[PDB]
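Encoded as structure tokens, the structure appears first; notes follow it.
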Amino acid sequence: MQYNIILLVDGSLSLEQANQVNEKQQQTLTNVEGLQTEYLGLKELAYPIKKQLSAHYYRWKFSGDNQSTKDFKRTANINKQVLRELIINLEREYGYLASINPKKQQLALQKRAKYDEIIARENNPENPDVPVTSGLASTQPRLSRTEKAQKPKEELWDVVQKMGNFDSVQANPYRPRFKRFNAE
Amino acid sequence: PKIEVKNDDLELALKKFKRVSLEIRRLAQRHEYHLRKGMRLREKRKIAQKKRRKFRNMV
Amino acid sequence: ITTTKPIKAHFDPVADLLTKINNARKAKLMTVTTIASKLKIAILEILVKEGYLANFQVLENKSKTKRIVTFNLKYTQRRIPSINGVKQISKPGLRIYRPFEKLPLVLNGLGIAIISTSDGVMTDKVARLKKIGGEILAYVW
Amino acid sequence: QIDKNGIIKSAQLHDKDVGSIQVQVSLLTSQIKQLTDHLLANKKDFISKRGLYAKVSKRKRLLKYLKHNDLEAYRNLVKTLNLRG
Amino acid sequence: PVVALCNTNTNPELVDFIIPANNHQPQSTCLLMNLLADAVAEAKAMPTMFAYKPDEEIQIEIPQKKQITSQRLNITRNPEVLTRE
Amino acid sequence: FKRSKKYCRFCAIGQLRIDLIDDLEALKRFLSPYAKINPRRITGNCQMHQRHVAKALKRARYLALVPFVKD
RNA sequence: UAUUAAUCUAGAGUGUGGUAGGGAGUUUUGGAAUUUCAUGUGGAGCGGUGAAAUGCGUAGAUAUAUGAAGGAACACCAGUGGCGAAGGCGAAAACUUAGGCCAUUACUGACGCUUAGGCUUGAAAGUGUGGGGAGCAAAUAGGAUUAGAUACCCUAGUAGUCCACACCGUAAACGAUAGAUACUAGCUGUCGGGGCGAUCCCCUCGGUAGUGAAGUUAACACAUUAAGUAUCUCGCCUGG
RNA sequence: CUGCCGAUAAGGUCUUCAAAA
Ligand SMILES: [Mg+2]
Ligand SMILES: [Mg+2]
Ligand SMILES: [Mg+2]
Ligand SMILES: [Mg+2]
Ligand SMILES: [Mg+2]
Ligand SMILES: [Mg+2]
Ligand SMILES: [Mg+2]
Ligand SMILES: [Mg+2]
Ligand SMILES: [Mg+2]
Ligand SMILES: [Mg+2]
Ligand SMILES: [Zn+2]
């Protein structure tokens with residue numbers, strides 16, 4: 001799998017914290033792939049936890065077997081320098097198969113390009129953008145669909161026997177009953 | 001539910017605070033009397049239907 | 001002839017056709033399709049001889065592995081059918097076998113009774129003429 | 001999860017025969033083996049019990065079928081898989 | 001006998017001499033209504049108005065109060081029948 | 001008066017994925033002034049996304065990134 | 001039709017490729033809120049009701065601010081919604097795991113439907129052993145009301161509600177509608193997969209709703225998710 | 001804007017009819 005830890009180390013001193021993250025990394029993770037690490041920075045988190053108001057957020061983008069979690073998880077709490085820890089397995093988040101699917105990635109790029117074009121015209125440099133068309137409906141249908149529309153599998157069948165056919169065609173329904181008025 | 005007075009006028013603060021208190025009073029009164037889980041679900045669906053039907057004709 | 005829809009049929013072969021005919025009559029539909037079987041093919045041949053349906057064409061696939069019969073009903077000019085009511089006798093489970101002396105007459109001969117004695121499906125009058133009886137498929141009037 | 005690819009390749013009578021009865025029973029036995037472990041560990045998951053019972057019953061009916069038709073292959077299949085007992 | 005200008009939302013059984021036509025356009029209606037009146041006037045031996053006539057004499061105007069809009073809207077005036085309890 | 005501009009952004013953008021350290025400032029708009037996940041009428045997202053953002057936002061509120069009851 | 005000897009894939013399954021889920025169990029984690037206790041400020045009521053009275057309070061209550069401990073349930077999201085065969089499932093994460101939808105130039109080649117007996121699951125209450133107990137509250141005590149009140153109201157309050165392992169197997173366990181299969185106008189929503197590519201909207205294949213004709217019904221009403229036209233199988237009914 | 005608020009002996013008529021004007 002591909003996991004993603006977001007570690008919360010205390011707010012002491014930068015250089016010494018990085019060592020704490022490195023120590024916490026090299027101890028656990030029995031079997032592991034490449035361990036890329038980041039550093040989101042220093043933020044004043046919303047609710048105070050462990051009576052601390054500043055914390056260093058680290059992100060790990062390793063990958064490996066399911067056993068890489070147990071030892072690291074049980075040591076995090078014990079370590080007084082770590083406030084929280086979340087192992088978000090990106091193979092189970094709300095949408096992962098589509099993200100690996102190649103066609104959807106290219107379509108998303110195209111949507112980014114086109115959507116950026118619309119927002120630009122609206123927030124025109126200074127000239128008035130009369131259409132202000134964003135939330136409103138679009139124009140006529142997309143001619144792309146009209147053509148590239150799928151064709152159902154019309155299974156072709158060959159006639160073998162017949163009988164009585166004459167295709168009379170009696171498509172004259174709801175015909176007039178009354179015909180010509182008359183007097184007794 | 002902090003709302004600043006802006007020190008420009010007083011009424012306006014109470015004009016916004018009335019709304020905030022009404023939605024606040026709804027949940028405060030909900031967790032006052034014990035209903036069964038089925039009845040609690042029943043009351044949630046009842047509120048949603050009332051709000052929905054009213055919004056249909058206001059839209 | 002080409003199609004677009006998948007064709008399914010019931011496992012019981014007499015009432016499958018019977019349901020198709022009855023539903024089309026009630027809903028005023030004319031052209032229906034179903035899977036083709038030799039018992040089903042033979043009963044449709046005698047029906048068109050008796051003048052209850054207009055045309056009956058059996059077709060096969062391009063591979064010769066499947067056949068589906070697509071029949072149409074015989075509506076008059078004012079759009080009221082020739083079939084009035086259908087009822088199946090030898091249903092699955094309880095198979096009806098009647099000798100010649102007890103061959104039924106449906107609506108005093110107005111309707112037709114389908115009897116497959118020994119030479120395929122056969123009308124009641126000709127069954128009486130040969131003085132031989134057997135399996136009774138369905139009542140059509 | 002079980003490595004479905006390896007077990008199917010072992011049970012193939014010939015290539016591309018990925019939908020016979022023999023490949024089905026080899027896969028079913030593997031799922032049964034895995035599910036008995038899981039259910040014995042937990043003992044309170046009853047939907048897994050539902051899956052285990054359904055898979056056992058499905059395997060039994062198919063083997064009955066393979067006895068009714070081509071009984072000789074039934075003897076061959078039973079000695080390799082050791083599923084009877 | 002009853003004749004009518006059905007407009008796609010009518011039961012064809014009730015009418016006898018159905019005349020497929022519009023019913024929402026103040027121009028189509030008048031053209032067709034005068035046409036039936038025109039038959040009556042010729043039978044009564046008074047001169048026709050629109051029937052058996054060339055282009056210049058059939059010309060009619062669109063009443064007041066791009067193209068004309070024969071769209072049916074005002075759907076918001078159809079809520080759910082008052083219910084709930 | 002009101003507006004009809006309520007349309008799921010991630011659909012027009014085809015974002016297809018929500019991660020709490022890729023669009024954090026985007027998720028703060030969905031939250032209420034009193035740190036609450038605004039409903040459909042305010043947030044504007046399709047229910048499917050409305051579910052995805054809620055799980056991610058509650059995850060951030062577990063990760064101690066956004067408050068609970070105050071500003 | 002039944003038996004036997006064989007062929008075929010359309011029924012049903014398997015694999016590959018897309019894919020949506022509060023589906024389940026096990027182990028950890030989190031914040032509000034209530035209660036109790038600890039420490040400050042404070043000074044006469046608080047509490048409760050139709051109205052009051054038991055009750056709590058100068059031993060400093062209610063209130064306010066901080067902290068600690070502990071148990072239970074998971075606001076908003078949350079729905080003219082999703083999943084499961086049903087009961088049911090809604091804080092976050094990990095592991096294990098069940099079924100389902102769509103497209104299949106692939107494969108087996110009738111292996112399918114139902115199911116007496118049997119097995120599995122099965123809301124809440126209840127039982128047995130050992131833990132746990134913040135809140136609430138059968139039984140119980142008191143104050144009210146009342147002609148009387150063993151009840152509705154109020155103040156206390158044990159079992160219980162919680163966990164682990166063993167049982168009990170009943171509910172308006174309801175869609176008061178057994179399962180499977182084929183056919184029969186239409187319109188409006190909404191959800192998922194697929195096709196196009198800003199959304200929005202169009203088409204296809206399915207799930208979940210509303211309206212509605214033929215058709216059915218004693219009527220109410222059902223109406224493509226049937227209570228309609230038919231077949232198979234099981235269960236059940238025969239006046240109070 | 002939610003005080004309080006209980007009971008009521010037995011058996012019984014009444015549609016004769018449309019043949020019709
Ligand atoms: Mg047959
Ligand atoms: Mg505290
Ligand atoms: Mg219980
Ligand atoms: Mg007492
Ligand atoms: Mg109390
Ligand atoms: Mg007890
Ligand atoms: Mg019962
Ligand atoms: Mg209805
Ligand atoms: Mg009796
Ligand atoms: Mg009184
Ligand atoms: Zn969306």
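Things worth noting here:
- Neighbouring partner chain Cβ atoms per residue of F:7-14, average, 10 Å criterion: 4
- Volume per residue of the convex hull around the Cα atoms, evaluated for the protein assembly as shown, comes out as 409 Å³.
- Each Cα pair under 8 Å and six or more residues apart adds its separation to the average, and for the range D:1-83 the resulting relative contact order is 26 percent.
- Per-residue mean of foreign Cβ neighbours for A:134-141 is 2 (Cβ atoms of other chains, 10 Å radius).
- For the range D:27-51, the residues whose amide N sits under 16 Å from a probe point set 7 Å from the Cα of D:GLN12 along the beta carbon direction are D:27.
- Cα gyration tensor shape for chain E, rounded if a/c is under 1.5, else prolate or oblate: oblate
- Calculated FRET value between B:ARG25 and B:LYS54, using beta carbons and R₀ = 25 Å, to 0.05: 0.85
- Inter-label distance, nm, simple model (7 Å from Cα along the C-beta direction), B:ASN7/A:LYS50: 4.1
- Neighbour counts of C-beta atoms inside 10 Å place D:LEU13, F:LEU57 in the sequence D:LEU13, F:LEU57, starting with the fewest.
- For C:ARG98, the residues 5 or more places off, or on other chains, whose built amide H falls under 5 Å of its own are C:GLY134, C:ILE136.
- Label-reachable residues, the range D:1-22, where backbone N falls under 18 Å from a point 7 Å from D:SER48's Cα toward its Cβ: D:1-3
- Computed Kirkwood radius, in angstrom, where 1/r is averaged over Cα pairs of the range C:63-141: 14.4
- With a Förster radius of 51 Å applied to the beta-carbon distance between E:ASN11 and F:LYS55, the computed FRET efficiency rounds to 0.45.
- In terms of its Cα atoms, chain A spans 115, 61, 37 Å along the principal axes, sorted from long to short.
- In chain F, the alpha-carbon atoms span a convex hull of 92 Å³ per residue.
- Shape box of the range D:1-83 [Cα atoms, principal axes, largest first, Å]: 40, 27, 20
- Using equal-weight Cα scatterers in the Debye expression, the normalised intensity of chain C in log10 at q = 0.12, 0.15, 0.19, 0.21 Å⁻¹ is -0.50, -0.77, -1.18, -1.37.
- By the helix-only formula, in which each DSSP H run with n ≥ 4 contributes -39500 (n - 2.57) and the sum is divided by residues, the protein assembly as shown has a 222 nm mean residue ellipticity of -12500 deg cm²/dmol.
- Fewest-first ranking of E:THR48, C:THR34, using other Cβ atoms within 10 Å as the exposure measure: E:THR48, C:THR34
- Label-point separation, D:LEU62 to C:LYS49 (7 Å along Cα→Cβ), nm: 4.9
- Of E:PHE50, C:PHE71, F:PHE10, A:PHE181, the sequence from fewest to most neighbouring Cβ atoms within 10 angstrom is A:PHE181, E:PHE50, F:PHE10, C:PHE71.
- Treating r as the C-beta distance of F:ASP71 and D:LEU40 and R0 as 45 Å, the FRET efficiency rounds to 0.30.
- Residue list for the range D:1-33, given a label point 7 angstrom along the Cα-to-Cβ vector of A:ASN89 and an amide N cut-off under 18 Å: D:1-4
- Virtual spin-label span in nm between E:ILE75 and D:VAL78, 7 Å along Cα→Cβ: 6.6
- Amide proton proximity set for C:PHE56, modelled H, under 5 Å, gap of 5+: A:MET163, A:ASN165
Neighbour counts run over all protein chains shown; Cβ positions are idealised from the backbone, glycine included. Computed from the coordinates by the stated procedures, all read-outs in this text should not be read as laboratory data.
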